[PDB]
Amino acid sequence: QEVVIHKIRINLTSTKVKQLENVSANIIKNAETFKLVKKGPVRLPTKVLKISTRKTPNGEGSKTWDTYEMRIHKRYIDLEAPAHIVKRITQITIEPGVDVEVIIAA
Amino acid sequence: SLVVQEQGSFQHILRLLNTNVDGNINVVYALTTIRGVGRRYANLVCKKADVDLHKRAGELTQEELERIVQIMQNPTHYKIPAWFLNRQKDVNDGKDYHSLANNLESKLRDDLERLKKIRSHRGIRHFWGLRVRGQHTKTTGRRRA
Amino acid sequence: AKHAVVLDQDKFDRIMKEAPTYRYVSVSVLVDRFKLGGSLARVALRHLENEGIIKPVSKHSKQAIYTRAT
Amino acid sequence: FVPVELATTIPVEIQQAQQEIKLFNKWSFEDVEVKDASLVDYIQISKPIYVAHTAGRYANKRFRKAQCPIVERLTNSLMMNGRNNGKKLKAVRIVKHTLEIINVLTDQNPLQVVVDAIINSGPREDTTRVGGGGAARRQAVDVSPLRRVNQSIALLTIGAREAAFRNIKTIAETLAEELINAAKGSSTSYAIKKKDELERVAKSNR
Amino acid sequence: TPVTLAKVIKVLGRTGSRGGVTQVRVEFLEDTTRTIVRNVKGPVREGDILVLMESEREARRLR
Amino acid sequence: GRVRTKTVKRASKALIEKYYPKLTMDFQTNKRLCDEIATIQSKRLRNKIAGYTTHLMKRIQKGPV
Amino acid sequence: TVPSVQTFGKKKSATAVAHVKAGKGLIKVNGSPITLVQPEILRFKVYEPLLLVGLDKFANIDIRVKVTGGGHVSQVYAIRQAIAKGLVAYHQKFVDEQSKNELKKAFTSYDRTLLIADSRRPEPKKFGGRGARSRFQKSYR
Amino acid sequence: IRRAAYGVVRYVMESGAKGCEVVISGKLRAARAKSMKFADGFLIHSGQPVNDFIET
Amino acid sequence: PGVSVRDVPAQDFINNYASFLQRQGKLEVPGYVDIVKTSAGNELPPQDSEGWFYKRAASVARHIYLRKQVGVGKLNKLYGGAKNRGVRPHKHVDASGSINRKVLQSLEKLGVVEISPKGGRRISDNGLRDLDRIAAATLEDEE
Amino acid sequence: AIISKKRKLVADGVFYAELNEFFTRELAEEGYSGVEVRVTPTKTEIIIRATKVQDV
RNA sequence: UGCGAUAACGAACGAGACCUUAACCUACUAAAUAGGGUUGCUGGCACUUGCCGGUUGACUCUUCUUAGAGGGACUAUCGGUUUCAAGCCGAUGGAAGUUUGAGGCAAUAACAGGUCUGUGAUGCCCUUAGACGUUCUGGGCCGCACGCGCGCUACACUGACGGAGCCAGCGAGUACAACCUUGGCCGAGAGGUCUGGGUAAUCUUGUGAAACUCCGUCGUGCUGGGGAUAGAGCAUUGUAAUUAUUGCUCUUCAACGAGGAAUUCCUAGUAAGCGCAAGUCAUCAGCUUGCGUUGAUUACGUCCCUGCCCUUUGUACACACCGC
Ligand SMILES: [Mg+2]
Ligand SMILES: [Mg+2]
Ligand SMILES: [Mg+2]
Ligand SMILES: [Mg+2]
Ligand SMILES: [Mg+2]
Ligand SMILES: [Mg+2]
Ligand SMILES: [Mg+2]
Ligand SMILES: [Mg+2]
């Protein structure tokens, strides 16, 4: 009766990459099963967090450095689909590590 | 633009404001050479006068020179914003002013004297013959006045 | 100062006599053949390019290479 | 011959100086044959390039520096000194100016003149310091063609730089003058003088 | 100036107390088939040509 | 210094011992064969091994070793 | 509908995208014509491929380029590369192969990269030094 | 301490490690500091096979 | 055929525009002319002095035409360069902002620049026409 | 709540680290090894790996 | 590192492999948070059909973009050279033929190297309630006859100054705070203000960065090179700016015409130049980790020096030449 499409973006942010990919795949599969209009898994530029730190505590000896870094992986799945469907999706397909998140408002 | 035709040779080295205005060269440059006028200020003065900066201007006119002198003398009478100056804001409740020659030197001396009288940190430093504006003499400038 | 900056009618005349001759006229060339200094030389060159006499090769700022007609 | 109409209109002179002849910047790149074995193959006018500027992966193997054009080499040499370091465009411009000057002077091909100058500048025999117990005895040694060429290139550039230092004589002009001197083996130039000195040294230690 | 135009048949090892000199066997251009081992300063290769003043004087490995 | 490492060499030798036929001179094919056969974790390493095998084959083609 | 290709060109971080089409004979760059560019000495370089080919090939083909990244020289180089590509691509698509081959040969003969993309990207400026390989300055006095 | 280390190593082996290593550092008797190393099997020090394989 | 703004080699176009402005005598003066630096790093006011302003205005107009929508800060950034800051190395500090603003205002008054939505300014029709005319003139001169 | 994604992630990591540290400190008698944090909606699952599970 | 020769055989660690990144993909999977094509409306042109535009109006694409999955280089093919071995050298193709470039990790044994001023890491000693604990307040680390050490700025004409042209990549950036902050007006500036946009491929930001390129002004004079010390005012950060925090405005114009004995760094997108960038940060960049832009000269060798490594030698040394 409703069939009210709010236009819903699923964000998918993570560090672990393979896991994220798997999650995305799962989501896609779910969508296919439910048979909806959606834009495919858009992948955004991998933001890298860099922390340069002198390896030493005491600053004595040669001046050596360690670039410790964090990889951020950010994906978007845009669903032209209802509210109920979105809710259902949210309910099923949750894995550890990946930050599942929904915008909901076009 | 144009090569100086005609006989020429109109006075090498002019004397202005008790100081030596150099012949040929350029008006701005001459001003700079005077003890108290700088580059931008000189340019401004030239603009006010209405002479070309291209001209060498040791063959300058007398009227022009007079005008320049007047300009130097007076900030407030002519269109000079009065925060473009050497000195500004001085004595008790009053006006901004600057000199540009011998006069400028005198003014500077007076200021120094005042500072000395005050015995402020800066004044003290000046008296000593030292570093007023807190620059580190641990390494640098090992000779001094 | 090394002189060669003072301006005269006679000097001008000698400069003129003449644009003809010289494979190339370059401010540098002009000074020092002991002629009027830099700016003056440039001005002279410019003048020479008014009505024939010396035609150009380059046109750049300070690298101004000119040569006799025709 | 045959100015074809492209929508983006090209100047007439430019159109003329294209296609038919494989020219340099404006004028022709042909002739210039050295006629001095050693300096053939390592002074390369055989390769016709249109500007003294390439990406140029020349510094890679060993002898690819040979096949790099002469004008380019000159430009590179000019690019010396920190104040002027990098700035290849400027160098190119200077080179162009020099070429123009050369053209102006006694007509003649500028490239040819340059080549001649280079040839003049290469020292035949140079000394190299040997240990030999302790003292500074210097054995005279023959110079390899490429090396000689390089030296020549250097020397002229150095001379030009010297001329420039506190001077009207725009570096390009100085360079041109040097080249001219080399061509008419005068020993008024700096590079030539250096070469002569080297020769003398060699003679002394033989 | 009597100059001899020489040509490189074989590079006979890198020489000198230091690096920058090479022993080279040389068949000169005019009047061929008279081999001399002479020292060359720069980058050398087979078929390179040498300009030199003092020809008939064979060199040795520098100490 | 493109000296193919010891382990790689050993692997190549082993391959040769095993499957002298099914190792045709050309490279891609050899690589494929290697992949089919032995459990190389890396790609680069595998490629190297293949190359070595090819070299060995070539050598053989000019008499034994 | 019309026959067209998008050929990219590159140098360091400079990037160019040349749209080749059929038509009268535009060779445009960022809207402006081929003639400007405006490093001015390397205008010639930009021309160079065209010159090599001959003006006849552009009577049909219409190139319009968009350029980003790099500095000026790099950008120019990228543009040139794109230009070189584009004609070749067109030939491959819609013209005889022989012509294309000839073009390639010509490029090789006067190879200032052109078809081959330039290999070199800059080195990381690793610590203990102001450049990549260069170090600071030791003193043991 | 040494005995304990040995025991630990044995336990590890039993559990099924390819190899293990224990370092015990400090004043194991006497004032002067000593390091004491106790190991069994293989121990990959270099490369990425360290984060993947060796628990520290 | 088709006459365009881009076909002209920039500097020449700018010069032409300046000339046109001069001829008009109706771009309007700011009030700071030759009592102004033009950038926060430039140890010498404009050498042209009288004029110069017109040229600047023309340049600004051209920039506006080129781009989608431009403002004051951006313009300043474009204009400014290196301070010979002293014995210290060079920073990049932006040019005279007030001057730029004044120029923009003048342009608006003329009917070169038009106020845009989102932010900044774009181009008017009359201004565009003028630009085109200038370009044409330049082309003619070249010919 | 509501921060830059990267920043949020960093914060989470820090929290995890803190938790781990706490566990190390506190569950010494219990023989704690490591934590596993699963942040689902509503509930958050903090799994603990220790030897003496009963004790924990 | 291998090939070989061999009372040694087969092995492990270290190196390599590995990993990350830097390069190729008109071959896949993708996108109004990346870019284009047609077309709508629409601005200007020439005025024929054509040229540049502006609009997230439509429709469609994935080359560039990103970034997932894969391939791709193995010294490949050919030539010599080498006991026709390991390999090396040159041409060809190829995005790539320097271990493809760059790093990340990186053995055994150690050093009385540094750090108990990162540490609720800590032995012992000291101290231990007018503390050597804490905490306020004012200074000080910045003082100057003078040594050396990183550095920046210059000794100009390959420049300076004006205009004009005008192009990067790493990044970073706030809701309990006060972050980046476009766009509009005021101000010569600095900087103020109103307004936004951004928790960020969306907004700052195309960070239209410089060095560069073009036309003009000074022409080789301690000059307009050079910018120090100086005086004054205008700004900002903070509770507090004198012992100028920093910025800006005018003024002052010093030393220095490429630097002796010495000695550093460097082999390709390197060197050098040039700026940006975050780090620290209320405010301060001459510093630093990165980034890109411009982009060379000369080797592509050798043991002369320097260091280090081994081998054979000699040893009254073993806390080991600062030895005995
Ligand atoms: Mg290993
Ligand atoms: Mg390793
Ligand atoms: Mg400067
Ligand atoms: Mg072979
Ligand atoms: Mg590597
Ligand atoms: Mg952006
Ligand atoms: Mg001065
Ligand atoms: Mg610092």
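Rules and cut-offs
Residues numbered from 1 in each chain as written, not as in the entry; some residues may be left out. Chains lettered and ligands numbered in written order. Part of a larger assembly, values for the part shown. Heavy atoms only, no water. UniProt positions renumbered as here; feature names shortened; annotations may be inferred. Contact = heavy atoms within 4.5 Å. Salt bridge = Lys/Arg side-chain N within 4 Å of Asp/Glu carboxyl O. Polar contact = N/O pair within 3.5 Å; in protein donor to acceptor, adjacent residues only side chain to side chain. Helix = DSSP H or I, 4+ residues; strand = E, 2+ residues; numbered from the N terminus. Nonpolar A, V, L, I, M, F, W, Y, C, P; charged D, E, K, R; others polar. Axes fitted to C-alpha atoms, helices over the stretch in contact; angles between N-to-C directions. Parallel < 35°, antiparallel > 145°, perpendicular 65-115°, else oblique. Left-handed = near helix turned anticlockwise from the far one by under 90°. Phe/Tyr/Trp six-rings, centres within 6.5 Å; stacked < 30°, edge-to-face > 60°. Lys NZ or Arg CZ within 6 Å of the ring centre and 35° of its normal. Buried < 20%, exposed > 50% of the residue type's maximum accessible area, 1.4 Å probe, protein only. Buried area = accessible area lost by both parts, 1.4 Å probe. Expected span 1.5 Å × (residues − 1). Arc of directions from axis to C-beta. Near = heavy atom within 4 Å. Pairing = 2+ DSSP bridges.

The name that the PDB entry assigns to chain G is Ribosomal protein uS9, with the source organism given as Kluyveromyces lactis. This entry carries the title "Structure of the yeast Kluyveromyces lactis small ribosomal subunit in complex with the cricket paralysis virus IRES". What UniProt states about chain G under its Sequence similarities heading is, verbatim, "Belongs to the universal ribosomal protein uS9 family."

The name that the PDB entry assigns to chain E is Ribosomal protein eS28, with the source organism given as Kluyveromyces lactis. Per UniProt, chain E has the following entry under Sequence similarities: "Belongs to the eukaryotic ribosomal protein eS28 family."

Enquirer: I'm lost on the interface of chain A and chain J in this one. Help?
Expert: Many descriptions give the size of an interface as the accessible area lost when the pieces come together. Each side of the interface is counted separately: chain A has 12 residues, and chain J has eight residues. Linking chain A to chain J there are one salt bridge. One salt bridge connects A:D99 with J:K8, and the closest N-O pair in it is separated by 4.0 Å. Here chain A is connected to chain J by zero residue pairs in polar contact. Looking at the side of chain A that touches chain J, the elements that each hand over two or more residues are β1 (8–14), β2 (37–54), β3 (65–80) and β4 (99–102) of chain A. For the side of chain A that touches chain J, the element with the highest residue contribution is β3(A), accounting for three residues. Classifying every residue of the side of chain A that touches chain J by side-chain character gives five nonpolar, three polar and four charged.

Enquirer: How should I be thinking about the packing of helix α5 (residues 110–121) of chain D against helix α7 (residues 171–183) of chain D in this particular structure?
Expert: For any two helices packed against each other, one specifies the crossing angle of their axes together with the interaxial distance. Residues and elements named next belong to chain D. Running from amino to carboxyl end, α5 crosses α7 at an angle of 65°, the nearest separation of the two axes being 7 Å. The orientation of α5 with respect to α7, classified from their angle, is roughly perpendicular. α5 and α7 meet at a crossing whose hand is left-handed. Note on element contacts: α7 touches α5 through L179, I180, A182 and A183, opposite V113, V114, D116, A117 and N120. When grouped by side-chain class, the residues that make up the contact of α5 with α7 number seven nonpolar, one polar and one charged.

Enquirer: Even after reading the chapter, I still don't get the packing of aromatic side chains, so can you show me in this structure?
Expert: Remark: the centre distance and the inter-plane angle together describe each pair of aromatic rings, the angle taken between the planes. Enumeration over the complete set of coordinates arrives at 11 aromatic pairs over all chains. Aromatic ring contacts, followed pair by pair, group D:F24, D:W27 and D:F29 into a single cluster. The ring centre of B:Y97 lies 4.2 Å from the NZ or CZ of B:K95, which sits over that ring. Cation over ring: G:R141 sits above G:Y140, and NZ or CZ is 5.7 Å from the ring centre.

Enquirer: Honestly, the pattern of salt bridges in this entry has me stumped. Any pointers?
Expert: Side chains that differ in sign of charge can pair as their charged atoms come close. Scanning all chains against the criterion turns up 31 salt bridges over all chains. E:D31 serves as the salt-bridge partner of E:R34, at 3.2 Å between the closest nitrogen and oxygen. One salt bridge connects H:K37 with H:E21, and the closest N-O pair in it is separated by 3.5 Å. Highlighted residues: H:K37 in strand β2 (residues 34–41) and H:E21 in strand β1 (residues 19–26), separated in sequence by 16 residues. For H:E21, a relative accessible area of 30% corresponds to the partly exposed category.

Enquirer: How do you make sense of the interface of chain E and chain D when you look at a structure like this?
Expert: On the chain D side, the residues contacting the 25 residues of chain E number 27 residues. Overall, the association of chain E and chain D removes approximately 2500 Å² of surface from exposure, summing both partners, and the carbon and sulfur fraction of that is 56%. By the criterion of area lost to chain D, the three top residues of chain E are E:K41, E:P43 and E:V51, representing 28% of everything that side buries. Applying the counting rule to chain E against chain D returns one salt bridge. With a shortest N-O distance of 3.5 Å, D:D142 and E:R38 are connected by a salt bridge.

Enquirer: Teacher, can you tell me more about helix α1 (residues 5–26) of chain J here?
Expert: A turn of α-helix holds 3.6 residues, and therefore any two residues three or four places apart point the same way. All names here are of chain J. An ideal rise of 1.5 Å per residue puts 32 Å on 22 residues; α1 measures up with 31 Å between its terminal C-alpha atoms. Restricting attention to buried positions, one finds in α1 the residues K5, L9, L19, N20 and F23. Taken end-on, α1 shows its buried residues confined to a sector of 100°, consistent with a single buried face. For α1, the exposed residues lying more than 90 degrees away from the buried face are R7, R25 and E26.

Enquirer: I would appreciate a short explanation of the protein's contact with RNA strand K in the present structure.
Expert: Every one of the 267 residues lining RNA strand K counts as a neighbour, but B:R40, C:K62, F:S42, G:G70 and I:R67 are closest to it. For RNA strand K, the fraction of atoms within 4 Å of the protein that belong to sugar or phosphate moieties is 75%. Interatomic distance of 3.0 Å between a side-chain N/O atom of A:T46 and a phosphate oxygen of RNA strand K. Within the contact set of RNA strand K, a phosphate oxygen lies 2.6 Å away from a backbone nitrogen or oxygen of B:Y41. Looking at the surface near RNA strand K element by element, the count peaks at 11 residues for β2(A). Tallied by class, the residues present in the surface near RNA strand K amount to 74 nonpolar, 89 polar and 104 charged.

Enquirer: What exactly am I supposed to notice about the sheet that holds strand β3 (residues 27–29) of chain G here?
Expert: What holds strands together in a sheet is hydrogen bonding between their backbones, with the strands either parallel or antiparallel. All names here are of chain G. Spatially, β1-β2-β5-β3-β4 is the arrangement adopted by the five strands of the open sheet, whose pairing is mixed. Each end of this open sheet is capped by a strand with a single partner; those strands are β1 (5–11) and β4 (32–33). Two elements, β1 and strand β2 (residues 14–22), share seven bridges in a ladder whose sense is antiparallel. In the sheet register, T7 faces β2, and the bridge partner there is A18. Contacts between helix α2 (residues 73–94) and the sheet are confined to β1, β2, β3 and β5 (61–68), with β1 contributing the most and set at about 150° to the helix.

Enquirer: Would you take a moment to explain unusual backbone geometry for this structure?
Expert: Among all residues except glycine, the phi angle is most often negative; among peptide bonds, the trans geometry is most common. Along the chain, C:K17 connects to C:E18 via a cis peptide bond; the corresponding omega equals 0°. You can see C:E18 is positioned in the loop between α1 (9–16) and α2 (27–30). The residue after C:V31, namely C:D32, is reached through a cis peptide bond having omega 0°. Inspection of the secondary structure puts C:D32 in the loop between α2 and α3 (38–48). For D:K35, which is not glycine, the phi dihedral falls at a positive 60°. In this fold, D:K35 is placed in the loop between α1 (12–16) and α2 (64–67). For D:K35, a relative accessible area of 78% gives the class exposed. One non-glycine residue, G:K12, lies in positive phi territory at about 55°. Positionally, G:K12 belongs in the loop between β1 and β2. Residue G:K12 is classed as exposed on the basis of its relative accessible area, which comes to 53%.

Enquirer: Would you explain the packing of helix α2 (residues 27–37) of chain F against helix α3 (residues 44–61) of chain F in this entry?
Expert: Residues and elements named next belong to chain F. Closest axis-to-axis distance for the α2/α3 pair is 9 Å, and the angle between their directions is 120°. Taken together, the axis directions place α2 and α3 in an arrangement best described as oblique. Our pair here, α2 against α3, has a crossing hand that is right-handed. Residues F27, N30, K31, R32, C34 and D35 of α2 pack against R46, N47, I49, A50, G51, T53, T54 and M57 of α3. Within the contact of α2 with α3, the residues separate by chemical class into five nonpolar, five polar and four charged.

Enquirer: Where do I start with the sheet that holds β3(A) in this structure?
Expert: Here four strands make up an open sheet; going across it, the order is β2-β3-β1-β4 (chain A) and the pairing antiparallel. Both edges of this open sheet fall to β2 and β4 of chain A, since each of them pairs with a single strand only. Taken pair by pair, the neighbouring strands of this sheet meet at an average axis angle of 20°, ignoring direction. One ladder, built from four bridges, connects β1(A) with β4(A); its direction is antiparallel. Looking at β4(A), one finds that A:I10 is bridged to A:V102. Contacts between helix α1 (residues 17–34) of chain A and the sheet are confined to β1, β2 and β3 of chain A, with β2(A) contributing the most and set at about 165° to the helix. Each of β1, β2, β3 and β4 of chain A is contacted by α1(J), which is oriented at about 120° to β3(A), the strand it contacts most.

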